[PDB]
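Spelled out, the chains give:
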Amino acid sequence: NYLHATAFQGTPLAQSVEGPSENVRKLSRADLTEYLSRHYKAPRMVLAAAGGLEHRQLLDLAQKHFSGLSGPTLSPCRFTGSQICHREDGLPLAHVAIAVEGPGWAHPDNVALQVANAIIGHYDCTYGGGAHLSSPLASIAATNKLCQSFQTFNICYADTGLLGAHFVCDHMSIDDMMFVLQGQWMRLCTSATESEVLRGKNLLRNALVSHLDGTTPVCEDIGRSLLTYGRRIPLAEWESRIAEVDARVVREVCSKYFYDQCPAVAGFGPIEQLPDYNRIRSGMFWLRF
Amino acid sequence: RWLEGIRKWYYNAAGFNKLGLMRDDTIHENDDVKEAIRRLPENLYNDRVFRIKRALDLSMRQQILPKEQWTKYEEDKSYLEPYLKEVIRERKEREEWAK
Amino acid sequence: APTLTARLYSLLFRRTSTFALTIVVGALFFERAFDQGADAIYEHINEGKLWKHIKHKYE
Amino acid sequence: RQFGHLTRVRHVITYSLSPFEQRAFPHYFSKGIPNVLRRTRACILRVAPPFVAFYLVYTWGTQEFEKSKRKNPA
Amino acid sequence: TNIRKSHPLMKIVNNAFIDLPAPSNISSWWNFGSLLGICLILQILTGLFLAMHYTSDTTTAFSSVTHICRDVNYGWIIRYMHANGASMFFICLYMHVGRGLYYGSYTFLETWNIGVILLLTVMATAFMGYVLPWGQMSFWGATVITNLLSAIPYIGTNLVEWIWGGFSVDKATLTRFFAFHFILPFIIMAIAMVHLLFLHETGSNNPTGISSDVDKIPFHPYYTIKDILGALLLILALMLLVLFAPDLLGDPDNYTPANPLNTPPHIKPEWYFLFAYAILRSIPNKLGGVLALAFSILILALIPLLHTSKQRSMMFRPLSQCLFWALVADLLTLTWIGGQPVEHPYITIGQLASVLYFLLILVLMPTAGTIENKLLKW
Ligand code: HEM
Ligand code: HEM
Ligand SMILES: CCCCCCCCCCCCO[C@@H]1O[C@H](CO)[C@@H](O[C@H]2O[C@H](CO)[C@@H](O)[C@H](O)[C@H]2O)[C@H](O)[C@H]1O
Ligand SMILES: CC1=NC2=C(CCCC2)C(=O)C1c1ccc(Oc2ccc(OC(F)(F)F)cc2)cc1
């Protein structure tokens, strides 16, 4: 919530989904019904279904019950290189979330960025891999007990997004976590290898093929893809976009979004060590490439 | 009593109030004060922490608060006195016992 | 076309390798330019006072 | 003592901007000039009076040395 | 983990230079430490380059210094950088000490006392440096100042002749003054490192005199960039002297060679000793005058013990502020008076200024602290 609030400050994307307590306490039924009739409209809606069914039948059922449905453009959102630091030493572990401005739903670069995010991957203290883990960030984090957990993300919104990582660590490890994480970003930008990109590809191939298991995730993929892309993108098309990515692509794509760019930083808890913004920002380039 | 005129004058001349500090924030931390600080309850300590943070940040910018925001002479509670008094009173007892 | 500062960034200042080569090229061109330019300013300020200006009288 | 072992702080938020998002000299004359005058007025009659005194004891003593070296009408 | 925190050499650099936690709010008065370092390194380089051309033999000495300025390539710019660099050093020193006094940094006892030692070492270095050109003021300055030690009962007279290595300031004195003057800066560099070693035990004081642990910033980039700016301004001041007024802070009489007969009109040390030279001349008795000149510097060691105020810095202390600025103005008066001939009204002004110096440090500023306390119900 803090990451968004600082990243997309002074816009509607800075806003939390739940709203401030002030609004919750005051919102009348007039507000709710006005909100509904403005936003809940047939062209801004999709009826999705998956399982044992004839498509023809669904469409006719849609006629029967959703015919009464009636028939507000989003402004772009300004990303800001910023920091929000809620220092609270009373809490036992520190949460840090860092991201650069991502491309947003439509953009093809998202596929290559997913491949890169798969390389770096994710970790927590219950993972079987440890030192022998393929991700250098994970293996270093595991062997030196830098963090309790981390993940890379790439959050997509309409014309923008949040591309980065979140980690949870010991109060003495925040600087080291940042250093290794930012080090990974730089290594992929400058010098990603063919075999590790192949690994990332394979992770991503496997990721989205096995996520779409059973009817609920498939129904949701239908529902949301129609909103974001305007269509469901078939698995064969995803595969074509993935096979297109090589080491050269990962470099070029990562350098676009990561290299020499101002990130948004959010920190919460015992964050005394959490690096100064200037040091973080200087950690977004190498003096060699 | 009669010097209360001068005390009030000196207070504003000294000017720590312009950074939103109370007098006991400006006390130089010796061993007794350290112990007194260490004994403060969560609320009084975190206030101290913030007031100083605020003052240091203002000092960094070479600026002061708005005059409305300045610590009023009358509203300057002596927050550290009960803790510090006893810390000192205790040490003097140990120093006595040692002789 | 994007702005001039932006063209400078993408061509010269993005890769730290090009950033350094830029500095070394620029330093050469600045040195000669600055020296020649500042000497002119000095010698105009001291017109006819210097050996350089009165050299011709004894050659 | 390392960063992360300095002291205990609770419930203090710090918002800040990237130096690439902002100006190096925001309201440099607009707010700078009046803040300088405020700073100068604040310290002037602590700082200045002794140097006034120096200037006076200096210029007094200088031309006192001159008068003393002249011959007296006697 | 990184190889800044790991490597045995980089570890010391990373902790004392880059990731050093520094208070957010330290002012321009904190730049003077870095500038003292630059001064010291500047003196060592320029000095070493001069020593490649100088000779400590009494006959050739004056000639060698001038040979540097006329025949040696850019020897002039090196020579005058070194002479004005010595001035820049002392400017930096007194500003650095003033900061310590005003903001009460002297409570860091070990750091402070090592400081006193450093001050005394730089003084010893610069006194012996000024002798090396072997001009009039060089020779006569050295003669009068050294010979003050003869005022010690029983031993004093021997002591003076033992420093000299003869019965006057002559051949053996100049040669040894060159050797001591060469070695001492290196001893300074060592003691300066111990100075910081103790400073990094506590970290820095700040203008408020209130602890800054709640708001530390890393030294890099914040103070690396400020120190660069400071360095730049130091170079400007230095080069403004070197290239526009290289003779301004010296004396003309040091452009005629040393003559053991012909005494200069008003013999005096270089400007940065003048305050203490005035204190010496205040006391009518010679041994008294020497013990006062010695106590005018050593009293720095006594400052921490004289501290009375419950607040550390003078920031929140109007009375002390005035008394401090009085003490500065008084020192400016002693410097002026030090430069004057011994006559009316400079004798009486000098006496009155010297009284006020010790009065301010030993009585008035301590009293002012306690008055301030009782004004705050403390
Ligand atoms: C060659 C001489 C000296 C060098 C190279 C030197 C170096 C330094 C440096 C680099 C610092 C840290 C930066 C700063 O705050 O300025 C410092 C701090 C300090 N020095 Fe010096 N110093 C010297 C002489 C002295 C003298 C003569 C004194 C006192 C008589 C002194 C007392 C201090 C004190 C008290 C501090 C701590 C300041 C603070 O934290 O507020 N030093 N010194
Ligand atoms: C704290 C460090 C130093 C100070 C304060 C200092 C000070 C001085 C001063 C005041 C002079 C007389 C300058 C003049 O009137 O011409 C001088 C001369 C000299 N110094 Fe240094 N010095 C220092 C370090 C060094 C070092 C490290 C060396 C050699 C390795 C050196 C070598 C010389 C030489 C050869 C001269 C005679 C040339 C000349 O007169 O400029 N000095 N020094
Ligand atoms: C009539 C109105 C007088 C007000 C104006 C004052 C200035 C007029 C001159 C009057 C005399 C002033 O007094 C002047 O003081 C100094 C310093 O003590 C004297 O100097 C003498 O006295 C001191 C006393 O400690 C000795 O150490 C010193 O060896 C000696 O030279 C001068 O020789 C004297 O002339
Ligand atoms: C080592 C330092 N410590 C601190 C501060 C202020 C803030 C906190 C403590 C400093 O400015 C600082 C410092 C000191 C000196 C600097 O430049 C040098 C200059 C000379 C030098 O050599 C030596 F050893 F001093 F002789 C070594 C370094 C640069 C930075």
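Heads up: the structure comes first, above all this text.
Residues numbered from 1 in each chain as written, not as in the entry; some residues may be left out. Chains lettered and ligands numbered in written order. Part of a larger assembly, values for the part shown. Heavy atoms only, no water. Residues with missing side-chain atoms left out of burial classes, pairs and counts.

(A) Highlighting the coordination of the iron atom of ligand 1. All names here are of chain E. At the metal site, the iron atom of ligand 1 is ligated by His96 (NE2) and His195 (NE2), and these contacts range over 2.2 Å. Given 6 donor atoms and angles of 83 to 178° at the metal, the environment of the iron atom of ligand 1 is assigned as octahedral. Taken together, the positions of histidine 96 in helix 4 (residues 75-102) and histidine 195 in helix 8 (residues 171-202) put the pair 99 residues apart, joining distant regions of the chain. Relative accessible area serves as the criterion here: at 17%, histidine 96 is assigned to the buried category. Note on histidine 195: relative accessible area 16%, which makes it buried. (Donors = N, O, S within 2.8 Å, 3.2 Å for Na, K, Ca; no water. Tetrahedral: all angles 85-135°; square planar, octahedral: opposite > 155°, others 65-115°. Helix = DSSP H or I, 4+ residues; strand = E, 2+ residues; numbered from the N terminus. Buried < 20%, exposed > 50% of the residue type's maximum accessible area, 1.4 Å probe, protein only.)

(B) Spotlight on the coordination of the iron atom of ligand 2. All names here are of chain E. Surrounding the iron atom of ligand 2 are the protein donor atoms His82 (NE2) and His181 (NE2), at 2.2 Å. Considering all 6 donor atoms around the iron atom of ligand 2, the spread of angles at the metal, 86 to 178°, places the coordination shape in the octahedral class. Here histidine 82 is found in helix 4, whereas its partner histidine 181 is found in helix 8, with 99 residues between them in sequence. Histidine 181 matches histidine 82 in its accessibility class, with the two residues each being buried.

(C) Just the pattern of salt bridges, in detail. For the structure shown, the criterion picks out 37 salt bridges over all chains. Linking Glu35(B) and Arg38(B) is a salt bridge whose minimum nitrogen-to-oxygen distance equals 2.9 Å. With a gap of 3 residues between them, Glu35(B) and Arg38(B) both fall in helix 2 (residues 31-38), about one helical turn apart. Residue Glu35(B) is classed as partly exposed on the basis of its relative accessible area of 22%. In this structure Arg38(B) comes out as exposed when scored by relative accessible area, which is 62%. Via salt bridges that share partners, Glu88(A), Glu42(B), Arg8(D) and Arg10(D) belong to a single interconnected network. (Salt bridge = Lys/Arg side-chain N within 4 Å of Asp/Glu carboxyl O.)

(D) A look at the site of ligand 2. Residue and element names in this part refer to chain E. Surveying the vicinity of ligand 2 reveals 25 residues, the closest of which are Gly47, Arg79, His82, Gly129 and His181. At 2.8 Å, a side-chain N or O of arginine 79 approaches an oxygen atom of ligand 2. In the model, a nitrogen atom of ligand 2 is placed 2.9 Å from a nitrogen or oxygen of the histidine 181 side chain. In a pocket analysis with a 2 Å cut-off to the grid points, ligand 2 is assigned to the largest cavity. Residue contributions to the shell around ligand 2 peak at 7 residues, all from helix 2 (residues 32-51). Looking at the shell around ligand 2 residue by residue, the class counts come to 18 nonpolar, 6 polar and 1 charged. (Near = heavy atom within 4 Å. Polar contact = N/O pair within 3.5 Å; in protein donor to acceptor, adjacent residues only side chain to side chain. 1 Å grid on protein atoms, 1.4 Å probe; cavity = no way out; pocket = protein on both sides within 12 Å on 5 of 7 lines; lining within 4 Å. Sits in = over half its atoms within 2 Å of the grid points. Nonpolar A, V, L, I, M, F, W, Y, C, P; charged D, E, K, R; others polar.)

(E) Representation of the arrangement of the chains within the structure. Interchain contacts are distributed over 6 pairs of chains, and the most extensive set of them lies between chains B and E. There is a gap between chain B and chain C: no contact, and a shortest C-alpha distance of 30 Å. Contact between chain C and chain E is absent, and the least distance between their C-alpha atoms amounts to 14 Å. (Contact = heavy atoms within 4.5 Å.)

(F) Representation of empty space enclosed by the protein. Residue and element names in this part refer to chain E. Empty space within the largest cavity amounts to approximately 930 Å³. In this structure, the largest cavity is lined by 41 residues; those nearest its centre are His82, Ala83, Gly129, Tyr130 and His181. The set of elements that each furnish at least two residues to the lining of the largest cavity consists of helix 2, helix 3 (61-70), helix 4, helix 5 (109-129) and helix 8. Here the lining of the largest cavity gets 9 residues from one element, more than from any other, and that element is helix 4. Here the residues of the lining of the largest cavity are counted per class, giving 27 nonpolar, 10 polar and 4 charged. One number sums up the size of the second largest cavity: a volume of about 90 Å³. If you go around the second largest cavity, the residues you meet are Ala278, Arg281, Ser282, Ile337, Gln340, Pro341, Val342, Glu343, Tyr346, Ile347, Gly350 and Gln351. (Points joined across faces, edges and corners; volume = space filled by probe spheres on them.)

(G) Here's a closer look at the interface of chain B and chain E. Listed by partner, the interface residues are 26 residues for chain B and 25 residues for chain E. Its largest share of buried area at the contact with chain E, chain B owes to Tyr10(B), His28(B) and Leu56(B), together 30% of the area lost on that side. At the boundary of chain B and chain E, one finds 1 salt bridge. Where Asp215(E) meets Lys53(B), a salt bridge forms, and the shortest distance between an N and an O atom there is 3.3 Å. Put simply, the parts of the chain that give the side of chain B that touches chain E at least two residues each are helix 1 (4-14) and helix 3 (42-61) of chain B. When residues in the side of chain B that touches chain E are grouped by element, the largest group, 7 residues, is from helix 3 of chain B. Looking at side-chain class alone, the side of chain B that touches chain E contains 13 nonpolar, 5 polar and 8 charged residues. (Buried area = accessible area lost by both parts, 1.4 Å probe.)

Read these as spatial facts, not as claims about activity.
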